[PDB]
């Protein structure tokens, strides 16, 4: 099947012949009993594929991994306990002390802090690029570079990168392109592997889960980056491995080498694993991902038209807008809806934004995106609080910005909620 709406219900699971359970069971088990002692030794020796221990694999999580990989067009995936952990495990596999990665400066505030503050005390530095220009990405690469890292639509100014031009630069220098596709809704709005991304990461907490119940992340491997070809930057992908008695990953696993290392090195030793309970919550969300993402983007388009005519709004920021700075990229890469987000500024002083948010009765003020319920937050004092004012500006965040995650409520009710709040704030 290659329709998204079909894969999100069927990919990665067949009822086992023992129980024939139609729905995916929740394998609430830490462990898996060996057939015999020799079988256990083959499992720990990576000589036979099979369930060993839920810090590394779990059959509920396996369905979640296979289904997200199918939706994104990757070969395989690995779940983590959060979007933050998905990014951390990915960079930790590609880079070590003395390496760097090149990243867009337009990031979720928590990713910016991860790259700018946390990773450097492990020896891993980031060179940020603000302009989006191909030549500035090229000029930032040096011999210690291990990836280019961008968000598919930055949180919360919705910069769409030139995926194909950046992938070309990355690949000419022998480094992978890593894309955080959280705001791409599990591949529905944007499938970065189709435009050159080698590795895709998600906070599954957001549109993938869809209901604000569960934290989770996932790492998708395209299988398309020839590590052996570029083993001067990635020796651990081909050289004998100190943690598996000289196993050579590329020779053993080929295009699955990166995602194999994520599991047998990083999940095994860092241990940021996903619960099967969490995975089942996320699978329920995935079963309607296409439907929700479609309605989200329809409501977002309609709500932006309302905001564009509202005398109470000073500006609307929406990647579907012909005024958007990267509208030419949005137009090329987003052909199934221009996302589920918009940001606005409202008229008046510094006080006005908080007054409009606080007066909403349907929209919830909290930290999340991609709930079925509509959400609002002030990134300058929350999601991007840890950044300096200059860093906020380099990420498109300003003191007057209100970030809106548009839900699937009836759009007349969303609009009516803003209307009554505007009339309490302004008359």
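Positions refer to the first chain, counted from 1.
Novice: Of the two stretches 168 to 176 and 75 to 83, which shows the higher Cα B-factor on average in the entry?
Specialist: According to the entry, 168 to 176 carries the higher average C-alpha B-factor.
Novice: Could you check the entry and say whether 146 to 154 or 237 to 245 has the higher mean CA B-factor?
Specialist: According to the entry, 237 to 245 carries the higher average C-alpha B-factor.
Novice: If I read the C-alpha B-factors straight from the PDB entry, which of 403, 410, 18, 10 is highest?
Specialist: Most elevated C-alpha B-factor of the set, per the entry: 18.
Novice: For the listed residues 66, 47, 373, 55, which one has the largest C-alpha B-factor as given in the deposited model?
Specialist: That would be 47, according to the entry.
Novice: Among the chain's modelled residues, which third holds the C-alpha B-factor of residue 251?
Specialist: Highest third - that is where residue 251 ends up once the chain's C-alpha B-factors are sorted.
Novice: Would the CA B-factor of residue 202 place it in the lowest, middle or highest third of its chain?
Specialist: CA B-factor rank for residue 202: lowest third.
Novice: When the modelled residues of the chain are sorted by Cα temperature factor, does residue 379 land in the lowest, middle or highest third?
Specialist: CA B-factor rank for residue 379: middle third.
Novice: If you rank every modelled residue in this chain by C-alpha B factor, which third holds residue 277: lowest, middle or highest?
Specialist: Lowest third - that is where residue 277 ends up once the chain's C-alpha B-factors are sorted.
Novice: Taking the values exactly as deposited, rank residue 260 by C-alpha B-factor within its chain and report the matching third: lowest, middle or highest.
Specialist: It belongs to the lowest third of the chain when residues are ordered by C-alpha B-factor.
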